[PDB]
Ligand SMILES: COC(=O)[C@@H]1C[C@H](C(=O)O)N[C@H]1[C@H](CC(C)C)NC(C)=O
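There is one chain below, alone, in structure tokens, taken in the form deposited without the named molecule.
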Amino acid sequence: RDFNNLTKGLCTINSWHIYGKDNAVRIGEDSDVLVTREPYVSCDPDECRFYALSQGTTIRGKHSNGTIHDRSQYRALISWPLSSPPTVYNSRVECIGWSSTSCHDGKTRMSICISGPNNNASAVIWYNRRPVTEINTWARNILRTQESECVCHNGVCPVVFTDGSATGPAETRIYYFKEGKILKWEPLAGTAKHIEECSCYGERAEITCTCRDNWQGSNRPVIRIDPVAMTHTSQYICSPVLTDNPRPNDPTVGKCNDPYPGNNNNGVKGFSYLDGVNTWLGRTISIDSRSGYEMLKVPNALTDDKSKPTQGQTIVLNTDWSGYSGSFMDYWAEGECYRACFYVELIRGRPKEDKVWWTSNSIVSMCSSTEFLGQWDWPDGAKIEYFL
């Protein structure tokens, strides 16, 4: 009932524990479950919820054929109860569009959807279930945003937007919103060459986003935002542990202010928790495809260009598919510190499972533990052959 403020630091992450899992495509083989992709999680002061971009069809209905394509007029941002499947009967529609981000400021929720032709898109900013501000395309080539939650501090919620090429220079701007109104916006600054799909968190009055360079880095770019002064900077994560996909093998030394060369023009959304010695990175196991997922503790990843792993935990084995991953935390949980959390999208269907005509996914999510806990793997679990 007053605005949240990032007062705490992160707890120490000694391992990760299961937080949510919806088993969507299993249950979707015989229930009215919606086809989705681009998932995230976001909390409110009294409940956390699962989020995604619908495709306007059930998995087993005939309009599922073709849902590999990303933008169209039938997609919408939807949220459902934690660890339930996105079902026709139990989902809330937030706004209409094919790209999105959402966060609670402590009083109410802000949600952003973007819709349009490639060359004439727009974003409209919803605050307390109502349309309030609208922005139109500035560079005229797919105005897109985070695909996971934003973070607010005392009313200001910064969002990163990118408009222009995915294959060369683009135009990225950080917008600072308070109650749906634009307070100010800046263009991208610092040394990062290209920004797409930022995964963000906040602690001790500072916001950290780990993003996706699609043009040329296999190492990830980092934007650090100050919500009071409303300024930002960018860098790349120095560590030679590379974390985009596809990517070349890991080198011995890495790069702090330049992209690491090797693959060009493709990527995946990812995250990291950058906190000195208490720094963990997530990545696909495969260097060629989005398959397998693992967490690795690389002390001082951001600042040391020779930093190797000290500890790890496998989340999805290499034989199963992963997809986008992103950060969230529950800033309304009781405690001295913020507990870190993430999610991994588990895509099933096309492109890799060519025997079906659709593309959908489930979620698995995880939070930290100060305890050193044993691990298990968390695969989607459907058998594609039942859908034939």
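In this text, residue numbers run from 1 along the sequence as written.
Mean CA temperature factor is higher for 378-386 when stretches 378-386 and 1-9 are set side by side in the entry. If you average the C-alpha B-factors over 312-320 and over 108-116, the higher value belongs to 312-320. Residue set 81, 270, 240, 248: peak C-alpha B-factor at 248 (per PDB entry). Sorting 290, 129, 220, 184 by the CA temperature factor given in the entry leaves 290 at the top. For residue 277, the recorded CA B-factor ranks within the highest third of the chain. Only modelled residues enter the ranking. When all modelled residues of the chain are sorted by CA temperature factor, residue 369 is found within the middle third. When the modelled residues of the chain are ordered by their C-alpha B factor, residue 179 lands in the highest third. Split the chain's modelled residues into thirds by C-alpha temperature factor. Residue 74 is in the lowest one.
Among the modelled residues of the chain, residue 336 sits in the highest third by CA temperature factor in this PDB entry.
The next section is about a form of this same protein that is not shown, the form deposited with the named molecule bound.
For this chain, the superposed copy of the named molecule, brought over from its placement in the deposited complex, stays clear of the backbone and C-beta atoms by more than 2.4 Å at every atom, so the pocket is open.
Stretch-level contact check against the named molecule in the deposited complex with heavy atoms at 4.5 Å: of 182-190, 83-91, 125-133, 138-146, the positive one is 138-146.
Taking the partner from elsewhere, no residue among 40, 203 and 339 has a non-hydrogen atom within 4.5 angstroms of the named molecule in the deposited complex. In the deposited complex, the named molecule sits within 4.5 Å of a heavy atom of residue 70.
Within 4.5 Å of any heavy atom of the named molecule in the deposited complex lies no heavy atom of residue 256. Under a 4.5 angstroms non-hydrogen atom cutoff, the named molecule in the deposited complex lacks residue 236 among its neighbouring residues.
Although the partner is absent here, residue 166 sits close enough that one of its heavy atoms falls within 4.5 Å of the named molecule in the deposited complex. Of the residues given (260, 177, 271, 98), 98 alone sits with a heavy atom within 4.5 Å of the named molecule in the deposited complex. Contacts to the named molecule in the deposited complex (heavy atom within 4.5 Å) from stretch 75-95: 75 only.
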